[PDB]
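Comments concern the structure below.
Each chain gets a letter, A, B and so on, in the order the sequences are listed, and its residues count up from 1. The basis for the numbers below is simple: all heavy atoms, side chains too, and nothing from hydrogens, waters or symmetry mates.
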6 protein chains.
Amino acid sequence: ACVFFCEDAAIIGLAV
Amino acid sequence: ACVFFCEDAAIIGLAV
Amino acid sequence: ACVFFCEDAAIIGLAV
Amino acid sequence: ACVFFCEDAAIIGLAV
Amino acid sequence: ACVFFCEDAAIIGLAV
Amino acid sequence: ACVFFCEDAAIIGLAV
Ligand SMILES: [Cl-]
Ligand SMILES: [Cl-]
Ligand SMILES: [Cl-]
Ligand SMILES: [Cl-]
Ligand SMILES: [Cl-]
Ligand SMILES: [Cl-]
Ligand SMILES: [Cl-]
Ligand SMILES: [Cl-]
Ligand SMILES: [Cl-]
Ligand SMILES: [Cl-]
Ligand SMILES: [Cl-]
Ligand SMILES: [Cl-]
């Protein structure tokens, strides 16, 4: 698994 | 929800 | 389709 | 853009 | 790599 | 966080 990142601005990581 | 980005090169955002 | 990237640190692309 | 589903148990949709 | 499905209504697959 | 499913054929889950 690895961490994707999105913009909310804050950086949010999502583990997949 | 937040915006993930991919490479197409252009930057494309995808709202999730 | 486009390439999203995650952090594993290594950069990993994922085609979608 | 569409609704993906995941099992949380309950089934939840996710607008991608 | 596999086929995820979403409801668009029709069910559509997505090769991830 | 939940389990998404994809068709690989077998059905596989993916913890997102
Ligand atoms: Cl912030
Ligand atoms: Cl997470
Ligand atoms: Cl461009
Ligand atoms: Cl979008
Ligand atoms: Cl490395
Ligand atoms: Cl890939
Ligand atoms: Cl929709
Ligand atoms: Cl949602
Ligand atoms: Cl496949
Ligand atoms: Cl596709
Ligand atoms: Cl879970
Ligand atoms: Cl998994």
Side-chain angles (χ1 to χ4, degrees):
Chain A
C2 51
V3 181
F4 295 82
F5 299 93
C6 61
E7 169 172 11
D8 190 341
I11 306 163
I12 305 298
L14 166 69
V16 179
Chain B
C2 51
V3 181
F4 295 82
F5 299 93
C6 61
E7 169 172 11
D8 190 341
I11 306 163
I12 305 298
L14 166 69
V16 179
Chain C
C2 51
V3 181
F4 295 82
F5 299 93
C6 61
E7 169 172 11
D8 190 341
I11 306 163
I12 305 298
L14 166 69
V16 179
Chain D
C2 45
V3 182
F4 292 84
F5 298 94
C6 67
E7 179 165 278
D8 186 334
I11 309 301
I12 297 175
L14 174 61
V16 181
Chain E
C2 45
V3 182
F4 292 84
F5 298 94
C6 67
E7 179 165 278
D8 186 334
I11 309 301
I12 297 175
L14 174 61
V16 181
Chain F
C2 45
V3 182
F4 292 84
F5 298 94
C6 67
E7 179 165 278
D8 186 334
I11 309 301
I12 297 175
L14 174 61
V16 181

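- In this structure, the side-chain contact (heavy atoms from CB on, under 4.5 Å) partners of F:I11, at least two apart in sequence or on a different chain, are F:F5, F:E7.
- Under a 4.5 Å side-chain heavy-atom cut-off, the cluster of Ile, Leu, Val, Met, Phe, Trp and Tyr residues that includes B:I12 has no other member.
- Across F:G13 and F:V3, no two heavy atoms sit closer than the pair CA-CG1, 3.9 Å.
- Chaining together hydrophobic side chains whose heavy atoms lie under 4.5 Å apart places B:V16 alongside A:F4, A:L14, A:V16, B:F4, B:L14, C:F4, C:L14, C:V16, D:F4, D:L14, D:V16, E:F4, E:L14, E:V16, F:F4, F:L14, F:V16.
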